[PDB]
$ cat target_18.cif   # mmCIF, C-alpha atoms and all ligand atoms
data_input
loop_
_atom_site.group_PDB
_atom_site.id
_atom_site.type_symbol
_atom_site.label_atom_id
_atom_site.label_comp_id
_atom_site.auth_asym_id
_atom_site.auth_seq_id
_atom_site.Cartn_x
_atom_site.Cartn_y
_atom_site.Cartn_z
ATOM 1 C CA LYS A 2 17.843 2.853 14.700
ATOM 2 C CA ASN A 3 14.066 2.570 14.340
ATOM 3 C CA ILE A 4 11.775 3.965 17.012
ATOM 4 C CA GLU A 5 10.109 0.601 17.644
ATOM 5 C CA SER A 6 13.347 -0.585 19.275
ATOM 6 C CA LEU A 7 13.543 2.366 21.610
ATOM 7 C CA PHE A 8 10.430 1.412 23.522
ATOM 8 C CA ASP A 9 9.513 -0.955 26.345
ATOM 9 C CA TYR A 10 5.825 -1.026 25.499
ATOM 10 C CA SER A 11 3.235 -2.183 27.993
ATOM 11 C CA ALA A 12 1.277 -5.348 27.131
ATOM 12 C CA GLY A 13 -1.892 -3.973 25.536
ATOM 13 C CA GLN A 14 -0.104 -2.131 22.757
ATOM 14 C CA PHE A 15 1.957 -5.169 21.672
ATOM 15 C CA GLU A 16 -1.044 -7.498 21.476
ATOM 16 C CA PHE A 17 -2.756 -4.758 19.446
ATOM 17 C CA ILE A 18 0.381 -4.514 17.313
ATOM 18 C CA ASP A 19 0.388 -8.280 17.072
ATOM 19 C CA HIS A 20 -3.302 -7.818 16.178
ATOM 20 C CA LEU A 21 -2.953 -5.174 13.460
ATOM 21 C CA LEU A 22 -0.366 -7.317 11.671
ATOM 22 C CA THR A 23 -2.467 -10.445 12.062
ATOM 23 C CA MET A 24 -5.814 -9.484 10.540
ATOM 24 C CA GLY A 25 -3.771 -7.626 7.921
ATOM 25 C CA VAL A 26 -2.349 -10.955 6.829
ATOM 26 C CA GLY A 27 -5.795 -12.496 7.036
ATOM 27 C CA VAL A 28 -7.549 -9.716 5.114
ATOM 28 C CA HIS A 29 -5.222 -9.691 2.113
ATOM 29 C CA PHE A 30 -5.086 -13.472 1.846
ATOM 30 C CA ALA A 31 -8.896 -13.371 1.851
ATOM 31 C CA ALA A 32 -8.772 -10.547 -0.721
ATOM 32 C CA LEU A 33 -6.349 -12.707 -2.746
ATOM 33 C CA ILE A 34 -8.906 -15.535 -2.610
ATOM 34 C CA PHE A 35 -11.433 -13.211 -4.246
ATOM 35 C CA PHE A 36 -9.529 -11.586 -7.204
ATOM 36 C CA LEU A 37 -8.638 -15.087 -8.275
ATOM 37 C CA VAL A 38 -12.247 -16.274 -8.619
ATOM 38 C CA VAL A 39 -13.814 -13.409 -10.648
ATOM 39 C CA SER A 40 -10.909 -13.899 -13.048
ATOM 40 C CA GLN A 41 -13.184 -16.015 -15.277
ATOM 41 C CA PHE A 42 -15.223 -12.872 -15.785
ATOM 42 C CA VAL A 43 -12.737 -10.197 -16.922
ATOM 43 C CA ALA A 44 -12.160 -9.440 -20.560
ATOM 44 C CA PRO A 45 -8.668 -10.804 -21.139
ATOM 45 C CA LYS A 46 -7.471 -7.167 -21.384
ATOM 46 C CA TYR A 47 -8.069 -6.114 -17.772
ATOM 47 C CA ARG A 48 -7.450 -9.667 -16.554
ATOM 48 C CA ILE A 49 -3.856 -8.829 -15.586
ATOM 49 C CA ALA A 50 -5.105 -5.990 -13.375
ATOM 50 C CA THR A 51 -7.117 -8.223 -11.074
ATOM 51 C CA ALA A 52 -4.126 -10.582 -11.273
ATOM 52 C CA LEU A 53 -1.837 -7.712 -10.176
ATOM 53 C CA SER A 54 -3.845 -7.981 -6.947
ATOM 54 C CA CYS A 55 -3.113 -11.559 -6.259
ATOM 55 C CA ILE A 56 0.518 -10.410 -6.338
ATOM 56 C CA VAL A 57 -0.284 -7.362 -4.231
ATOM 57 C CA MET A 58 -2.261 -9.323 -1.646
ATOM 58 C CA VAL A 59 0.480 -11.947 -1.040
ATOM 59 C CA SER A 60 3.062 -9.129 -1.182
ATOM 60 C CA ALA A 61 1.580 -6.968 1.545
ATOM 61 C CA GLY A 62 0.631 -10.375 2.930
ATOM 62 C CA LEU A 63 4.088 -11.889 3.384
ATOM 63 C CA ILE A 64 5.670 -8.655 4.632
ATOM 64 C CA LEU A 65 2.863 -8.177 7.163
ATOM 65 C CA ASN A 66 3.174 -11.895 7.904
ATOM 66 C CA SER A 67 6.934 -11.626 8.123
ATOM 67 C CA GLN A 68 6.478 -8.633 10.484
ATOM 68 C CA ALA A 69 3.919 -10.006 12.956
ATOM 69 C CA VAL A 70 5.890 -13.224 13.118
ATOM 70 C CA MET A 71 8.932 -11.017 13.474
ATOM 71 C CA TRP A 72 6.964 -8.725 15.774
ATOM 72 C CA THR A 73 6.497 -11.642 18.162
ATOM 73 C CA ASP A 74 9.858 -13.425 17.539
ATOM 74 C CA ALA A 75 11.229 -10.203 18.969
ATOM 75 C CA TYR A 76 9.897 -9.376 22.449
ATOM 76 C CA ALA A 77 9.682 -11.334 25.655
ATOM 77 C CA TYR A 78 7.699 -10.163 28.712
ATOM 78 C CA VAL A 79 10.036 -8.882 31.427
ATOM 79 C CA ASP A 80 9.245 -7.200 34.773
ATOM 80 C CA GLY A 81 6.092 -5.555 33.517
ATOM 81 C CA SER A 82 6.337 -5.119 29.771
ATOM 82 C CA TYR A 83 7.258 -6.460 26.308
ATOM 83 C CA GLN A 84 10.916 -5.636 25.814
ATOM 84 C CA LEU A 85 13.369 -5.986 22.991
ATOM 85 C CA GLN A 86 15.327 -9.151 23.515
ATOM 86 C CA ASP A 87 17.988 -9.598 20.879
ATOM 87 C CA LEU A 88 16.136 -10.027 17.582
ATOM 88 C CA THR A 89 14.888 -6.700 16.290
ATOM 89 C CA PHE A 90 11.662 -5.312 14.896
ATOM 90 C CA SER A 91 11.960 -2.580 12.286
ATOM 91 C CA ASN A 92 9.603 -1.619 9.456
ATOM 92 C CA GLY A 93 12.293 -1.890 6.794
ATOM 93 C CA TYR A 94 11.070 -4.656 4.494
ATOM 94 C CA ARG A 95 7.831 -2.733 4.173
ATOM 95 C CA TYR A 96 9.376 0.002 2.018
ATOM 96 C CA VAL A 97 11.096 -2.854 0.206
ATOM 97 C CA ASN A 98 7.941 -4.557 -1.000
ATOM 98 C CA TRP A 99 6.441 -1.124 -1.737
ATOM 99 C CA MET A 100 9.310 -1.176 -4.247
ATOM 100 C CA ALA A 101 7.274 -4.042 -5.737
ATOM 101 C CA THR A 102 3.816 -3.163 -4.577
ATOM 102 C CA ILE A 103 3.462 0.518 -5.509
ATOM 103 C CA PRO A 104 4.538 -0.343 -9.134
ATOM 104 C CA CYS A 105 2.366 -3.373 -9.684
ATOM 105 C CA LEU A 106 -0.543 -1.447 -8.071
ATOM 106 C CA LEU A 107 -0.206 1.355 -10.668
ATOM 107 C CA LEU A 108 -0.298 -0.594 -13.950
ATOM 108 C CA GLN A 109 -3.643 -2.162 -13.188
ATOM 109 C CA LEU A 110 -5.012 1.389 -12.917
ATOM 110 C CA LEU A 111 -3.005 2.194 -16.022
ATOM 111 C CA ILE A 112 -4.482 -0.970 -17.516
ATOM 112 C CA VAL A 113 -7.962 0.263 -16.581
ATOM 113 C CA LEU A 114 -7.196 3.723 -17.959
ATOM 114 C CA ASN A 115 -6.887 1.505 -21.137
ATOM 115 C CA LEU A 116 -3.249 2.469 -21.625
ATOM 116 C CA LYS A 117 -1.735 0.017 -24.065
ATOM 117 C CA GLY A 118 1.519 -0.590 -25.896
ATOM 118 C CA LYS A 119 3.822 2.410 -26.182
ATOM 119 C CA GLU A 120 1.803 4.612 -23.821
ATOM 120 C CA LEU A 121 1.251 1.788 -21.359
ATOM 121 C CA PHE A 122 5.015 1.179 -21.436
ATOM 122 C CA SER A 123 5.819 4.900 -21.422
ATOM 123 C CA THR A 124 3.614 6.029 -18.575
ATOM 124 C CA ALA A 125 4.439 2.838 -16.666
ATOM 125 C CA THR A 126 8.196 3.480 -16.673
ATOM 126 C CA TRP A 127 8.099 7.046 -15.347
ATOM 127 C CA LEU A 128 5.623 6.302 -12.564
ATOM 128 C CA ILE A 129 7.954 3.505 -11.420
ATOM 129 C CA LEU A 130 11.160 5.515 -11.230
ATOM 130 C CA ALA A 131 9.216 8.293 -9.475
ATOM 131 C CA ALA A 132 7.810 5.679 -7.108
ATOM 132 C CA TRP A 133 11.362 4.334 -6.548
ATOM 133 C CA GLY A 134 12.886 7.773 -5.939
ATOM 134 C CA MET A 135 10.106 8.432 -3.418
ATOM 135 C CA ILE A 136 10.476 4.994 -1.871
ATOM 136 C CA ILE A 137 14.266 4.947 -1.440
ATOM 137 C CA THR A 138 14.511 8.553 -0.288
ATOM 138 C CA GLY A 139 11.819 7.785 2.299
ATOM 139 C CA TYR A 140 13.523 4.511 3.187
ATOM 140 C CA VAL A 141 16.768 6.398 3.969
ATOM 141 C CA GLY A 142 15.010 9.003 6.105
ATOM 142 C CA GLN A 143 13.284 6.722 8.587
ATOM 143 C CA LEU A 144 16.887 5.449 8.924
ATOM 144 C CA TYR A 145 17.581 8.383 11.202
ATOM 145 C CA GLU A 146 14.264 8.303 13.050
ATOM 146 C CA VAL A 147 16.157 7.948 16.284
ATOM 147 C CA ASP A 148 19.541 9.270 15.234
ATOM 148 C CA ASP A 149 18.805 12.203 12.861
ATOM 149 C CA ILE A 150 15.236 13.615 12.679
ATOM 150 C CA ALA A 151 16.651 16.504 10.645
ATOM 151 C CA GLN A 152 17.609 14.268 7.675
ATOM 152 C CA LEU A 153 14.422 12.352 8.289
ATOM 153 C CA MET A 154 12.819 15.750 7.524
ATOM 154 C CA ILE A 155 15.280 16.482 4.675
ATOM 155 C CA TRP A 156 15.069 13.024 3.078
ATOM 156 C CA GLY A 157 11.331 13.015 3.695
ATOM 157 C CA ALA A 158 11.223 16.329 1.828
ATOM 158 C CA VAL A 159 12.870 14.848 -1.296
ATOM 159 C CA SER A 160 10.636 11.770 -1.111
ATOM 160 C CA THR A 161 7.607 14.036 -0.899
ATOM 161 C CA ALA A 162 8.821 15.854 -4.037
ATOM 162 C CA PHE A 163 8.632 12.560 -5.987
ATOM 163 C CA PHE A 164 5.149 11.912 -4.562
ATOM 164 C CA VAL A 165 3.821 15.269 -5.850
ATOM 165 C CA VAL A 166 5.517 14.451 -9.168
ATOM 166 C CA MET A 167 3.970 10.984 -9.279
ATOM 167 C CA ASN A 168 0.444 11.995 -8.333
ATOM 168 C CA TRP A 169 0.692 14.631 -11.057
ATOM 169 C CA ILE A 170 1.257 11.880 -13.634
ATOM 170 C CA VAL A 171 -1.332 9.566 -12.103
ATOM 171 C CA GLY A 172 -4.095 12.150 -12.253
ATOM 172 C CA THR A 173 -2.942 13.685 -15.539
ATOM 173 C CA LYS A 174 -3.600 10.337 -17.264
ATOM 174 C CA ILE A 175 -6.949 9.819 -15.495
ATOM 175 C CA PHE A 176 -8.155 13.366 -15.899
ATOM 176 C CA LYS A 177 -7.510 13.172 -19.654
ATOM 177 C CA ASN A 178 -7.876 9.609 -20.924
ATOM 178 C CA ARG A 179 -10.904 9.451 -18.607
ATOM 179 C CA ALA A 180 -13.265 9.361 -21.625
ATOM 180 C CA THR A 181 -11.554 6.465 -23.374
ATOM 181 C CA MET A 182 -12.755 4.219 -20.546
ATOM 182 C CA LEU A 183 -16.023 2.411 -21.063
ATOM 183 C CA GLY A 184 -18.758 0.484 -19.295
ATOM 184 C CA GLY A 185 -19.845 3.623 -17.552
ATOM 185 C CA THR A 186 -16.415 3.432 -15.825
ATOM 186 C CA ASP A 187 -15.160 6.696 -17.330
ATOM 187 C CA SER A 188 -16.608 7.953 -14.009
ATOM 188 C CA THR A 189 -15.311 5.818 -11.143
ATOM 189 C CA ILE A 190 -11.611 6.358 -11.837
ATOM 190 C CA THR A 191 -11.481 10.045 -10.638
ATOM 191 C CA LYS A 192 -13.130 8.918 -7.475
ATOM 192 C CA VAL A 193 -10.726 6.010 -7.060
ATOM 193 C CA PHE A 194 -8.058 8.639 -7.693
ATOM 194 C CA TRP A 195 -8.871 10.497 -4.438
ATOM 195 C CA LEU A 196 -8.999 7.376 -2.261
ATOM 196 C CA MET A 197 -5.562 6.564 -3.503
ATOM 197 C CA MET A 198 -4.335 10.028 -2.518
ATOM 198 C CA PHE A 199 -5.746 9.646 1.007
ATOM 199 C CA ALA A 200 -4.178 6.303 1.851
ATOM 200 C CA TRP A 201 -0.858 7.408 0.358
ATOM 201 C CA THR A 202 -0.667 10.431 2.627
ATOM 202 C CA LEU A 203 -1.073 7.964 5.528
ATOM 203 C CA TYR A 204 2.502 6.579 5.244
ATOM 204 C CA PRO A 205 4.203 10.009 5.361
ATOM 205 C CA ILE A 206 2.099 10.483 8.448
ATOM 206 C CA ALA A 207 3.338 7.202 9.882
ATOM 207 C CA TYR A 208 6.754 8.698 8.926
ATOM 208 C CA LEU A 209 6.688 12.000 10.772
ATOM 209 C CA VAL A 210 5.415 10.148 13.861
ATOM 210 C CA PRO A 211 8.906 9.901 15.544
ATOM 211 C CA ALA A 212 9.284 13.718 15.514
ATOM 212 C CA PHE A 213 5.935 14.250 17.216
ATOM 213 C CA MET A 214 5.220 11.212 19.401
ATOM 214 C CA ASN A 215 8.692 10.025 20.256
ATOM 215 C CA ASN A 216 7.135 7.756 22.885
ATOM 216 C CA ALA A 217 5.697 4.250 23.122
ATOM 217 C CA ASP A 218 2.192 4.797 22.001
ATOM 218 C CA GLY A 219 3.615 6.964 19.232
ATOM 219 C CA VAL A 220 4.930 3.582 18.032
ATOM 220 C CA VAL A 221 1.317 2.352 18.224
ATOM 221 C CA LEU A 222 -0.040 5.412 16.455
ATOM 222 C CA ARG A 223 2.480 4.701 13.707
ATOM 223 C CA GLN A 224 1.305 1.078 13.330
ATOM 224 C CA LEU A 225 -2.318 2.228 13.517
ATOM 225 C CA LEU A 226 -1.636 4.301 10.372
ATOM 226 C CA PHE A 227 0.025 1.377 8.502
ATOM 227 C CA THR A 228 -2.814 -1.166 8.740
ATOM 228 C CA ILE A 229 -5.375 1.323 7.339
ATOM 229 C CA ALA A 230 -3.153 2.390 4.493
ATOM 230 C CA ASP A 231 -2.481 -1.253 3.686
ATOM 231 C CA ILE A 232 -6.237 -1.956 3.776
ATOM 232 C CA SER A 233 -7.397 0.572 1.174
ATOM 233 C CA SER A 234 -4.165 1.002 -0.880
ATOM 234 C CA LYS A 235 -3.727 -2.659 -1.621
ATOM 235 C CA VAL A 236 -7.190 -4.099 -1.085
ATOM 236 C CA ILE A 237 -9.842 -1.410 -1.691
ATOM 237 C CA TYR A 238 -8.225 0.156 -4.755
ATOM 238 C CA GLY A 239 -7.991 -3.413 -6.008
ATOM 239 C CA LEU A 240 -11.655 -4.303 -5.441
ATOM 240 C CA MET A 241 -12.294 -1.194 -7.619
ATOM 241 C CA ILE A 242 -9.814 -2.205 -10.295
ATOM 242 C CA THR A 243 -12.180 -5.181 -10.623
ATOM 243 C CA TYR A 244 -15.365 -3.122 -10.577
ATOM 244 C CA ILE A 245 -13.705 -0.872 -13.126
ATOM 245 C CA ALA A 246 -12.269 -4.070 -14.724
ATOM 246 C CA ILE A 247 -15.506 -6.068 -14.866
ATOM 247 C CA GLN A 248 -17.620 -3.137 -16.192
ATOM 248 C CA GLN A 249 -15.282 -2.838 -19.187
ATOM 249 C CA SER A 250 -15.219 -6.564 -19.858
ATOM 250 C CA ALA A 251 -19.013 -6.537 -19.788
ATOM 251 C CA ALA A 252 -19.573 -3.472 -21.958
ATOM 252 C CA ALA A 253 -17.177 -4.515 -24.730
ATOM 253 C CA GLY A 254 -18.717 -7.893 -25.438
ATOM 254 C CA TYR A 255 -17.321 -10.166 -22.722
ATOM 255 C CA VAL A 256 -20.200 -12.663 -22.454
ATOM 256 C CA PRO A 257 -18.857 -14.100 -19.128
ATOM 257 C CA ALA A 258 -18.792 -10.534 -17.782
ATOM 258 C CA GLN A 259 -22.269 -9.764 -19.140
ATOM 259 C CA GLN A 260 -23.688 -12.708 -17.201
ATOM 260 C CA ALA A 261 -21.368 -12.067 -14.264
ATOM 261 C CA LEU A 262 -23.228 -8.755 -13.924
ATOM 262 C CA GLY A 263 -26.563 -10.570 -14.373
ATOM 263 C CA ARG A 264 -26.986 -12.426 -11.087
ATOM 264 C CA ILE A 265 -25.930 -9.224 -9.269
HETATM 265 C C1 LIG A 301 1.096 -0.380 0.623
HETATM 266 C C2 LIG A 301 0.698 0.205 -0.630
HETATM 267 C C3 LIG A 301 1.066 1.409 -1.126
HETATM 268 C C4 LIG A 301 0.599 1.932 -2.455
HETATM 269 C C5 LIG A 301 1.982 2.227 -0.367
HETATM 270 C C6 LIG A 301 2.671 3.255 -0.819
HETATM 271 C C7 LIG A 301 3.578 4.059 -0.049
HETATM 272 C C8 LIG A 301 3.649 5.405 -0.024
HETATM 273 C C9 LIG A 301 2.731 6.277 -0.839
HETATM 274 C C10 LIG A 301 4.638 6.063 0.790
HETATM 275 C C11 LIG A 301 5.110 7.233 0.477
HETATM 276 C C12 LIG A 301 6.032 8.220 1.009
HETATM 277 C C13 LIG A 301 5.829 9.503 0.670
HETATM 278 C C14 LIG A 301 4.609 9.976 -0.062
HETATM 279 C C15 LIG A 301 6.646 10.631 1.221
HETATM 280 C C16 LIG A 301 7.284 10.318 2.560
HETATM 281 C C17 LIG A 301 7.932 8.944 2.523
HETATM 282 C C18 LIG A 301 6.965 7.807 2.155
HETATM 283 C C19 LIG A 301 7.823 6.599 1.753
HETATM 284 C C20 LIG A 301 6.164 7.448 3.415
HETATM 285 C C1 LIG A 302 -7.474 -14.422 10.774
HETATM 286 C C2 LIG A 302 -7.487 -12.982 11.285
HETATM 287 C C3 LIG A 302 -8.660 -12.199 10.697
HETATM 288 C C4 LIG A 302 -8.585 -12.152 9.167
HETATM 289 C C5 LIG A 302 -9.781 -12.841 8.512
HETATM 290 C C6 LIG A 302 -10.803 -11.814 8.028
HETATM 291 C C7 LIG A 302 -12.097 -12.444 7.523
HETATM 292 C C8 LIG A 302 -12.607 -11.709 6.283
HETATM 293 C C9 LIG A 302 -12.822 -10.243 6.598
HETATM 294 C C10 LIG A 302 -12.957 -9.249 5.517
HETATM 295 C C11 LIG A 302 -11.743 -8.810 4.726
HETATM 296 C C12 LIG A 302 -12.158 -8.198 3.390
HETATM 297 C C13 LIG A 302 -12.531 -9.308 2.416
HETATM 298 C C14 LIG A 302 -12.680 -8.821 0.971
HETATM 299 C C15 LIG A 302 -14.145 -8.813 0.542
HETATM 300 C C16 LIG A 302 -14.411 -9.668 -0.694
HETATM 301 C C17 LIG A 302 -15.915 -9.869 -0.891
HETATM 302 C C18 LIG A 302 -16.580 -8.580 -1.304
HETATM 303 O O1 LIG A 302 -16.370 -8.119 -2.443
HETATM 304 O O2 LIG A 302 -17.339 -7.968 -0.518
HETATM 305 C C1 LIG A 303 -10.610 1.106 7.265
HETATM 306 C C2 LIG A 303 -9.397 0.411 7.890
HETATM 307 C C3 LIG A 303 -9.745 -0.109 9.278
HETATM 308 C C4 LIG A 303 -8.540 -0.386 10.181
HETATM 309 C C5 LIG A 303 -9.050 -1.047 11.464
HETATM 310 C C6 LIG A 303 -8.035 -0.932 12.602
HETATM 311 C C7 LIG A 303 -8.585 -1.450 13.925
HETATM 312 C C8 LIG A 303 -8.275 -0.442 15.027
HETATM 313 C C9 LIG A 303 -9.519 0.325 15.383
HETATM 314 C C10 LIG A 303 -9.555 1.102 16.625
HETATM 315 C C11 LIG A 303 -8.812 0.619 17.843
HETATM 316 C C12 LIG A 303 -9.627 0.936 19.085
HETATM 317 C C13 LIG A 303 -9.165 0.059 20.257
HETATM 318 C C14 LIG A 303 -8.333 0.872 21.248
HETATM 319 C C15 LIG A 303 -6.870 0.431 21.335
HETATM 320 C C16 LIG A 303 -6.132 1.209 22.422
HETATM 321 C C17 LIG A 303 -4.629 1.224 22.171
HETATM 322 C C18 LIG A 303 -3.912 0.696 23.397
HETATM 323 O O1 LIG A 303 -4.084 -0.479 23.788
HETATM 324 O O2 LIG A 303 -3.144 1.442 24.047
HETATM 325 CL CL CL A 304 -10.465 -8.876 -24.613
HETATM 326 CL CL CL A 305 2.764 -4.292 0.057
#
$ encode --input "target_18.cif" --output "structure tokens"
Amino acid sequence: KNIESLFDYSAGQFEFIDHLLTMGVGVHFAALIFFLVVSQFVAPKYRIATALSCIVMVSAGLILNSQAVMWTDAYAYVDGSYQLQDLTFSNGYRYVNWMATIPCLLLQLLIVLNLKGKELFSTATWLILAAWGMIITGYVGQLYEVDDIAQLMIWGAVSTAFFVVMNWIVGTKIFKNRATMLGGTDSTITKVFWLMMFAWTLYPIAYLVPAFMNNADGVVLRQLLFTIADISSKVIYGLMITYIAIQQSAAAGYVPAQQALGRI
């Protein structure tokens, strides 16, 4: 039902699909390694944000590790090419952990927009249901990527709607509680806000791929777009939650953060 399964790829694409998935495991697990260590140095008010990116790294990490392992469990080499045997690839669990990863990835921002208590809990809840509506509508569209490109369009359309809606609430909180942030970080979160628009338009590109390269290296183009989105949605936004997170630790009195910024 997915467009991976339609294709007898050559050999070079597979190994490169094997290879996207593999450094993608490696890079998050290495990112993981690093949000753990500068945990000493966050004020215990943005500490959960850097800790939302140990969760995120081993979330994107398992799924991408599940997938590569499942990418290779899946295809022998037969009379030229790597062919579906009888154990299927499909990008379906990836939406599923975006059910967990999009959310978790938003509160750390919301934590670094210093949302707290009722307005942390209020903003957090609406971003999540908008994320979910986007995620499940999209999940059901790529369900017809072979069978029904028209609903893929239609369901993609609804999913987009929720995206628009959810960026509007992301940026509305930034571009408004911007000045409550400290450390000099009142600045870097509008900037961060545009990287996280770019990598989030990458998936709905990896999503219209079937209706414009219904072919084998269309499958590769699709997986090209995934790795990059995973790299700066999970990992590079996160590195910045910490830059934004450490600069607020430091500037409010956090002695370990003040001297963490000293030998840099
Ligand atoms: C891997 C980390 C993140 C934050 C990924 C998020 C996923 C999306 C933004 C995907 C969004 C969709 C949209 C915007 C509309 C078409 C359907 C999609 C599910 C691809
Ligand atoms: C095993 C397959 C390849 C995966 C291993 C990759 C080796 C590390 C490569 C870089 C990934 C990004 C690491 C995050 C940087 C943290 C340090 C920093 O802040 O600059
Ligand atoms: C900023 C995120 C970086 C993502 C890095 C992804 C690595 C891929 C980079 C370019 C690939 C170029 C190699 C050409 C592959 C040809 C495809 C094929 O075999 O048919
Ligand atoms: Cl504190
Ligand atoms: Cl993920």
$ resolve_selection --input "target_18.cif" --expression "the PyMOL selection byres (((chain A and resi 60) around 12) and not hetatm)" --output "PyMOL selection string"
chain A and resi 25-26+29-30+32-33+53-59+61-67+94-106+231+235-236
$ residues_near_ligand --input "target_18.cif" --ligand "ligand LIG 303 (chain A)" --cutoff "10 Å" --atoms "only C-alpha atoms and all ligand atoms" --output "CSV table (one decimal) with C-alpha atoms, in the frame of the given file"
chain,number,residue,atom,x,y,z
A,10,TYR,CA,5.8,-1.0,25.5
A,11,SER,CA,3.2,-2.2,28.0
A,12,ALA,CA,1.3,-5.3,27.1
A,13,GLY,CA,-1.9,-4.0,25.5
A,14,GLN,CA,-0.1,-2.1,22.8
A,15,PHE,CA,2.0,-5.2,21.7
A,16,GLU,CA,-1.0,-7.5,21.5
A,17,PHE,CA,-2.8,-4.8,19.4
A,18,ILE,CA,0.4,-4.5,17.3
A,20,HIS,CA,-3.3,-7.8,16.2
A,21,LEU,CA,-3.0,-5.2,13.5
A,24,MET,CA,-5.8,-9.5,10.5
A,25,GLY,CA,-3.8,-7.6,7.9
A,200,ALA,CA,-4.2,6.3,1.9
A,217,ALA,CA,5.7,4.2,23.1
A,218,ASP,CA,2.2,4.8,22.0
A,219,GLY,CA,3.6,7.0,19.2
A,221,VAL,CA,1.3,2.4,18.2
A,222,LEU,CA,0.0,5.4,16.5
A,224,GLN,CA,1.3,1.1,13.3
A,225,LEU,CA,-2.3,2.2,13.5
A,226,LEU,CA,-1.6,4.3,10.4
A,227,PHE,CA,0.0,1.4,8.5
A,228,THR,CA,-2.8,-1.2,8.7
A,229,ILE,CA,-5.4,1.3,7.3
A,230,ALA,CA,-3.2,2.4,4.5
A,231,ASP,CA,-2.5,-1.3,3.7
A,232,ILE,CA,-6.2,-2.0,3.8
A,233,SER,CA,-7.4,0.6,1.2
A,237,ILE,CA,-9.8,-1.4,-1.7
$ closest_atom_pairs --input "target_18.cif" --of "chain A" --to "ligand LIG 302 (chain A)" --cutoff "6 Å" --atoms "all atoms listed in the file" --output "JSON lines"
{"residue": "A:23", "atom": "CA", "partner": "A:LIG302", "partner_atom": "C2", "distance": 5.7}
{"residue": "A:24", "atom": "CA", "partner": "A:LIG302", "partner_atom": "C3", "distance": 3.9}
{"residue": "A:27", "atom": "CA", "partner": "A:LIG302", "partner_atom": "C4", "distance": 3.5}
{"residue": "A:28", "atom": "CA", "partner": "A:LIG302", "partner_atom": "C11", "distance": 4.3}
{"residue": "A:31", "atom": "CA", "partner": "A:LIG302", "partner_atom": "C13", "distance": 5.5}
{"residue": "A:32", "atom": "CA", "partner": "A:LIG302", "partner_atom": "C14", "distance": 4.6}
{"residue": "A:35", "atom": "CA", "partner": "A:LIG302", "partner_atom": "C16", "distance": 5.8}
$ residues_near_ligand --input "target_18.cif" --ligand "ligand LIG 301 (chain A)" --cutoff "6 Å" --atoms "all atoms listed in the file" --output "JSON, numbers by chain"
{"A": [99, 103, 135, 136, 139, 157, 160, 161, 164, 201, 202, 204, 205, 208, 231, 234, 235]}
$ closest_residue --input "target_18.cif" --among "A:162, A:256, A:111, A:151" --to "ligand CL 304 (chain A)" --atoms "all atoms listed in the file"
A:256
$ resolve_selection --input "target_18.cif" --expression "the PyMOL selection byres (((not hetatm)) within 9 of (chain A and resi 304))" --output "ChimeraX atom specification"
/A:43-48,250,253-255
$ resolve_selection --input "target_18.cif" --expression "the PyMOL selection byres (((chain A and resi 177-193) around 8) and not hetatm)" --output "list in words"
residues 113, 114, 115, 172, 173, 174, 175, 176, 194, 195, 196, 197, 238, 241, 245, 248, 249, 250, 251, 252 and 253 of chain A
$ atom_distance --input "target_18.cif" --atom1 "atom CA of residue 51 of chain A" --atom2 "atom CA of residue 36 of chain A"
5.7 Å
$ atom_distance --input "target_18.cif" --atom1 "atom CA of residue 42 of chain A" --atom2 "atom CA of residue 240 of chain A"
13.9 Å
$ atom_distance --input "target_18.cif" --atom1 "atom CA of residue 264 of chain A" --atom2 "atom CA of residue 112 of chain A"
26.1 Å
